[PDB]
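Asks: an experimental structure, sequence included, is below.
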Amino acid sequence: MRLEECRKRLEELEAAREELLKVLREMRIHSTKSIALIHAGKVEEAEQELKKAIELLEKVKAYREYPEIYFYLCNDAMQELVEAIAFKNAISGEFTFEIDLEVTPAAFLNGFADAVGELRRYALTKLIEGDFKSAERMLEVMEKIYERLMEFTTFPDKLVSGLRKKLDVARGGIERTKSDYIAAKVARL
Amino acid sequence: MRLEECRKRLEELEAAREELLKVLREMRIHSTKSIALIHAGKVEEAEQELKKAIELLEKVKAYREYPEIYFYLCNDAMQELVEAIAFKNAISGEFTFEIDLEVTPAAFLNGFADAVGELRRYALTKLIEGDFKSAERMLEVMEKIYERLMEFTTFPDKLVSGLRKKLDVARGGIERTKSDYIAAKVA
Amino acid sequence: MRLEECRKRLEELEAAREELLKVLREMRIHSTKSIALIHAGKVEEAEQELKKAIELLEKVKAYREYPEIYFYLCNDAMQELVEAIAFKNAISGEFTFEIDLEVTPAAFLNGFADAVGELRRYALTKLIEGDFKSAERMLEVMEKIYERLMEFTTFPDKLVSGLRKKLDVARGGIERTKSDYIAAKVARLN
Amino acid sequence: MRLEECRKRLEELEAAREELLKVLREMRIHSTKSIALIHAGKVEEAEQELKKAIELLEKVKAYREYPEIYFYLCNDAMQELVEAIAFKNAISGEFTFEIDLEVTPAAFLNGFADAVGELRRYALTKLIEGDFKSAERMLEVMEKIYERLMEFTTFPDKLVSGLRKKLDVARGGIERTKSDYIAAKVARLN
Amino acid sequence: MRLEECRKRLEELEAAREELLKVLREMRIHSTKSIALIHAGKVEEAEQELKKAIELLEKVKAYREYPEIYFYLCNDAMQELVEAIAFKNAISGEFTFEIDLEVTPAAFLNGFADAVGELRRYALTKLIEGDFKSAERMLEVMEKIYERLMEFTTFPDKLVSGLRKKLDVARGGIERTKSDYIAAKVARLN
Amino acid sequence: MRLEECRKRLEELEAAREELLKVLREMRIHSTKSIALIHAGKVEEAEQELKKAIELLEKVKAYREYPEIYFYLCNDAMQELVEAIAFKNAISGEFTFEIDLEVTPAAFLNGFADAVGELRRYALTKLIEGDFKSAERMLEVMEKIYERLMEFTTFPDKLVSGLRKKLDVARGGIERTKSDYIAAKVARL
Amino acid sequence: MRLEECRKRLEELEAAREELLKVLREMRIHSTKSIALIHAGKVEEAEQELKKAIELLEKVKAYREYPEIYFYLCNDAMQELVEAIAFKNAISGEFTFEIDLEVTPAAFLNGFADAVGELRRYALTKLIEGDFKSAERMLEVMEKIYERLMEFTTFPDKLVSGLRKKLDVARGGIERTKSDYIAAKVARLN
Amino acid sequence: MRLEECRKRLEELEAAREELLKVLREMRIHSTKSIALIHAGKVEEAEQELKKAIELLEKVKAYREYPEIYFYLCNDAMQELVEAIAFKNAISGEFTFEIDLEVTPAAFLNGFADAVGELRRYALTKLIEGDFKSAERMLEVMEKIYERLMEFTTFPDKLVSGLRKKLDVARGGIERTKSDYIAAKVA
Ligand SMILES: [Mg+2]
Ligand SMILES: [Mg+2]
Ligand SMILES: [Mg+2]
Ligand SMILES: [Mg+2]
Ligand SMILES: [Mg+2]
């Protein structure tokens, strides 16, 4: 009976949604912890955390058999994964846009932009630790990321989520980093 | 080279959105026209426009491969179709819930509540032209849609959409029709 | 020199916008006024107000020289004008979609849809007076507007804006005018 | 026939909207591409992209016969064009307010204001690479734009839109770039 | 001392608000209690409750020295008082428009309109108990109120508020009560 | 550690909230089913359902050990319990305002008002089944309920939830029922 | 006869409200105008506009005879007046909370809080010019307004409305004016 | 007779609401005043106002017996108190998380984030008057509140309130302070 079909379907969907929440939740805990680690220096720890998070992403990819919902929740989680990943990669010199994950275009671009602000914070801590070279290479990757991401601004911001705004944010932060670098050189006299 | 990949994919999605937009718009125009005819009396042509629409629906059933969109846009047209169909089925005795259209539970359910309103408008017009039989049968079906759909009200609003509110609206229309019918019987 | 230009254009547009605001609001007021004067029985005085409005309309058309501002403000006052005119034509048997003035299409459509409800007012009141004939005619024109209008719901928003909501409004209004027509037929007796 | 005229004009307008939107988009993709090129150095290809865009402005101007939709949708793209142009001029030492385009005054003013931020970014990036010269000339055009622009904010916001905020932003950048300049000066005694 | 004057007046105003609110509340509790009494039949105690309420109107009028807060908050209670009064007058055969209170015109008009629904309720409940008389006299005052009141809706809604809606409601009840009347007539041939 | 305390606390609260949702959910299913039963005639069935529902209310009352949340969700459920109960009681002649449950004043008053619209629907079905006496006694209890509930209008509607509006609704409905009765007598000729 | 009265009062209030709207808006415009004229350097012309405003204010005070309408519209224009005056007094060393005109307390407080941001504008621009003295003065008065105002956050809304929001606004503005002041002290050098 | 009972209970609730309203208002005046003094320099009197406030808090701790309200109104004041307290603790070296106040987890956490802003305002003022030691210690505490509080972000927003957004705000304030401090060191 079509009503019993749609009823069964609805229960499937509900249970689904609940566990999906749980998974995405754990994944985001790992992402975040990872970023805080990198920030505080403990990058091996970070790597391991990220690894856990990717496994969890496999469990997530499992759920796309119900495309209604799923995307209605995943995005956030996904971005931060991307974000955190790029972050390790940047502060390790192994930075690349060649992150081969099962992720949506909007989540990918926004995670990458999200990493910019992270790199500003890092470059600030280094700047204050009187380390100018790390700061400067961070700045280099900030810039790189921005310059390359703008290419996508053309697309309707509905299609690409809140990119344009995010990028303007990034941009202004990049400039602030640069002003700071200069001020740090003068102030290291 | 990835960035080039996610960009090709974006271009796709844009094309697909434009196309789905136009499909669904067409399909709606038909569902709408179908209803307007069922009211106007030309039930045959209603069956026609309806068929055209369902054909367009099977044309919609392609873009599942683009789940990043699809569902989002689809609902309000799917729910529209489900409405018109049910309406026809009630205004030709053949009222059933068991129709297969592969439509999101929400657009299904809500499409059926959505029907009740169109039923009370009909029933009322018939009541004005004397037809108490129409009106009585409609009161039967209307009460059935309500009695049945209410079983799904306990579900999280996030999946069943706003079924409860649509339902209460219907209920009230049912009462107002029962009442409009105890009148008129004063001839 | 460039800036001198765009500056002068600006000052011009400023004074223009002020005046446009005054004239538009006076027009709208006069439109509405006429509509309520009909519902109050002073249909002649209502003709006087509607006249005043249709006059001010001209002075409003004179601001099309400034397509910057002319359009961001057009909508509402003229929606009301269309309403009042639709109504007048309707309560006077010679109702028509053919009203020889444009006036944006959105304003036009929303205006008719908005005159549906004033028609219900007039029809329930005609029902109270006793007169079922005029009541049935008003119910006819109401239904007609609803049908002829629903055809444009296809079009997206932006171009159409109000329509869908205003037509579901007019709809529920039509159901009520009808129910009232039925309970009205207990005469019949008497 | 009133309902049929309106249906016609409706179809026309939606079509026109689709087109205008795509073309505006194009003009914009080139505007942005251009500014990126300037920031890269490739000023030649920059000027080319500008060219393509200003070609597009023709196709766009072709739509001011539908004033509804035209003065709504047009702002962004135009305003950003003016930005690209004014930017490029400023970095070629050939900065002027005497750009001539069929363009809404808001879009114009806002285009210059918007250019100011791009100047500051260029001026910092140079001032990092040492070029104290380029920097100072940039700060110069910056203050220029802010100073002459500020007298247009005696206009009611609705005529002038985001100008205020932009000038606020502008103001800030100016004051900051100054500091940055000075700081690099003492930085490169050593 | 400007900041100190302002704090003073502030404290005064908040206090005045607390008081006005409580007193208005009182006046209202009696207004409602009154209408309930009339619906019960106990017209004596009805008249008493009216008394208590109109006594309260003194304490309330005492606040129009703070026009800020007074003309905002006052509407409901006053309006409902005029309702109770007009209602009781109508059912004592002594219905008049010549209530005299220090009361805002919106509140006044709205009070009469509001009374109309209470009349319809009474008229139905009598017409159920047979009293065809009481019913018909009620319908009479109903039509009176609607008919006189309708000429006030030539006023812009902001001055007149809910009147229109209430008159809408009113109109409805009138037309329906008529029906009901007739239906009971044929009902009690048998 | 105060941080770990507030952490543990937060987990407790979360689990709590989840199961409380489940309970209130089941309760409301029973309420509603009960009302549809009574409407369709099957009042013994209805009784049993209501019984289930009260047991579930015991399980709910269990949770008041976390008064933050709880009330932030219960209300709805509670009202309908009240509503449905009064409803059986009214159509059974055993109507009373003496429903002795562990319920909030606002839930209680609003449930009771909510029952009025139910009784209108009932009295309409009876009216159409040409049964005028049941209609009339229902109308009697509608009226009684209203008349008695108004007494509470005085209280600030924040304190008593959306009572006043609810009562005006009820009122108009009562009048509609009455017009209908009359029209039913004339139309039974 | 009663209705004749409350009718005449109504028509009176209608004309009055129209005229009040015009006068209020003109006043507000003139206030704002003055403020932007100061931020554009034409402080004398700004003196002229602010004069015009303070004059129109009187004609506005003349409408206190109609406490129905006078208060539902008071707020915004006078908030702006208070703003422009506070600002004038502040950019002219002789700043004071003691401005000998009331003017509702809400309008007063919100007005000062809203002048905080115009003060930051003036202070950042003063910082750009080079002048740190006047900058520090402005920063003082800003901070002073913030402190003297926070004292009123206790009071509920209704009486105060805007406050807490506008003060968190002013706050973040003060932090920015400060940060700018610090990076401004790289002169010091030069 | 029940209806009379629930009526008495209502009257109660109204009374309790009025009273709680006034208590919390008083308490917030104090918390606020306390902060304003900590900024102004009168740290002692800040300790005083704070104490009066906490006394009023133990006065608040009665109305638990009226859960139908209480929590609802309390949060924004409780969260306020928690703020002021933490602020004092940081501007006198004695910064700790471990304080007992029996306050809703949300008002606790969000109170501590709330603190960071006041810290950056302080730190900035000190930075203007030359005090780099103040500012540096504040940068330490600020970073600590952020680092620690971020552990609770994974929780449903419905229980932890909007902690994440408040936190990002703070973070940004921390950067802008680090930056404002790399300046000024240019003397
Ligand atoms: Mg981040
Ligand atoms: Mg730019
Ligand atoms: Mg009433
Ligand atoms: Mg119910
Ligand atoms: Mg704070």
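Replies: Happy to help now that I have it. Residues are numbered from 1 along each chain as shown, chains lettered A, B, ... in the order given. Ligands and ions are numbered 1, 2, ... in the order given.
Asks: residue A:7 contacts residue B:149, correct?
Replies: No: using CB atoms under 8 Å, residue A:7 is not in contact with residue B:149; the gap is 11.5 Å. C-betas here are computed from N, CA, C, even on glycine.
Asks: the two: who's more crowded?
Replies: Per other CB atoms under 10 Å in any protein chain shown, whichever of residue A:7 and residue B:149 has more neighbours is residue B:149, with 24 against 15.
Asks: tell me the secondary structure at that one.
Replies: helix (DSSP: H, G, I helix; E, B strand; the rest coil).
Asks: now for it: which residues touch it?
Replies: Contacts here follow CB atoms under 8 Å, 6 or more residues apart in numbering or on different chains; on that basis residue B:149 touches B:109, B:112-113, B:163, B:167.
Asks: I'd like to know which of those is nearest to ligand 2.
Replies: The closest of the contacts of residue B:149 to ligand 2 turns out to be residue B:163 (CB to the ion; 47.2 Å).
Asks: before we move on, which element is the nearest residue to the closest one once chain neighbours are set aside in?
Replies: Take residue B:163 and drop its neighbours on the chain: the residue closest to it by CB to CB, 6 or more residues apart in numbering or on different chains is residue B:109, 5.6 Å away. Using DSSP states H and E, residue B:109 sits in helix B:105-128.
Asks: residue A:68 and ligand 3, how far apart?
Replies: Note on residue A:68: its distance to ligand 3, by CB to the ion, to the nearest Å, is 48 Å.
Asks: and the gap between that residue and chain D?
Replies: As defined by CB to the nearest CB, to the nearest Å, residue A:68 lies at a distance of 29 Å from chain D.
Asks: equivalent analysis for residue A:162, please.
Replies: 16 Å.
Asks: dump the contacts of residue B:149 to CSV, plus distance to ligand 5.
Replies: Converted to CSV, those look like this (distance: CB to the ion, whole Å):
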residue, distance to ligand 5
B:109, 47
B:112, 52
B:113, 48
B:163, 43
B:167, 46
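Asks: from these, pick the one nearest chain C.
Replies: Among the contacts of residue B:149, residue B:113 lies closest to chain C (CB to the nearest CB), at 14.6 Å.
Asks: grab the nearest non-local neighbour of that closest one.
Replies: Of all residues not flanking residue B:113 in the chain, residue B:166 sits nearest, at 4.3 Å (CB to CB, 6+ apart).
Asks: Three-state assignment for the one you found, please.
Replies: Following three-state DSSP, residue B:166 is assigned to helix.
Asks: for stretch A:17-26, list the C-alpha coordinates in PDB.
Replies: The C-alpha trace of stretch A:17-26 is given here as PDB (Å, rounded to 0.1, in the frame of the first residue of the first chain):
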ATOM      1  CA  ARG A  17      19.100  11.500   9.300                       C
ATOM      2  CA  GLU A  18      19.900  10.800  13.000                       C
ATOM      3  CA  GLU A  19      22.900   8.700  12.400                       C
ATOM      4  CA  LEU A  20      24.200  11.000   9.600                       C
ATOM      5  CA  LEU A  21      24.100  13.700  12.100                       C
ATOM      6  CA  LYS A  22      26.200  11.600  14.500                       C
ATOM      7  CA  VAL A  23      28.800  10.900  11.800                       C
ATOM      8  CA  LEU A  24      29.100  14.400  10.500                       C
ATOM      9  CA  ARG A  25      29.300  15.500  14.100                       C
ATOM     10  CA  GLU A  26      32.300  13.200  15.000                       C
END
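Asks: taking the centroid of chain A, which residue is nearest it?
Replies: residue A:83 (1.9 Å; CA atoms, centre = their mean).
Asks: distance check, that residue against chain D.
Replies: From residue A:83 across to chain D, the span is 24 Å (CB to the nearest CB).
Asks: same thing with residue A:87?
Replies: Shown here: residue A:87 relative to chain D, a distance of 24 Å by CB to the nearest CB.
Asks: is stretch A:141-150 anywhere near ligand 2?
Replies: No: using CB under 5 Å from the ion, stretch A:141-150 stays clear of ligand 2, coming no nearer than 10.6 Å.
Asks: can you give the distance of that stretch from its chain's centre?
Replies: Put simply, stretch A:141-150 sits 14 Å off its chain's centre (CA atoms, centre = their mean, to the nearest Å).
Asks: my guess is the residue nearest to residue B:113 meets residue B:107, correct?
Replies: No: with contact defined as CB under 8 Å, residue B:166 does not count as touching residue B:107 (12.0 Å).
Asks: quick check: phi and psi on the closest residue to chain E within chain A?
Replies: Closest residue of chain A to chain E, CB to the nearest CB: residue A:158 (38.3 Å). With angles defined as degrees, to the nearest 10, residue A:158 sits at phi -70, psi -30.
Asks: do the same with the one 4 residues further on
Replies: Note on residue A:162: backbone dihedrals following degrees, to the nearest 10 are phi -80, psi 50.
Asks: repeat for residue A:102
Replies: Main-chain torsions, residue A:102, degrees, to the nearest 10: phi -80, psi 70.
Asks: if we can go back for a sec, show me what contacts the residue nearest to residue B:163?
Replies: Per CB under 8 Å, 6+ apart, neighbours of residue B:109: A:6, B:149, B:152, B:160-161, B:163.
Asks: for chain B, what's the nearest residue on chain A?
Replies: Across chain A, no residue is closer to chain B than residue A:67, which sits at 3.5 Å (CB to the nearest CB).
Asks: that's all I had, so thanks and see you.
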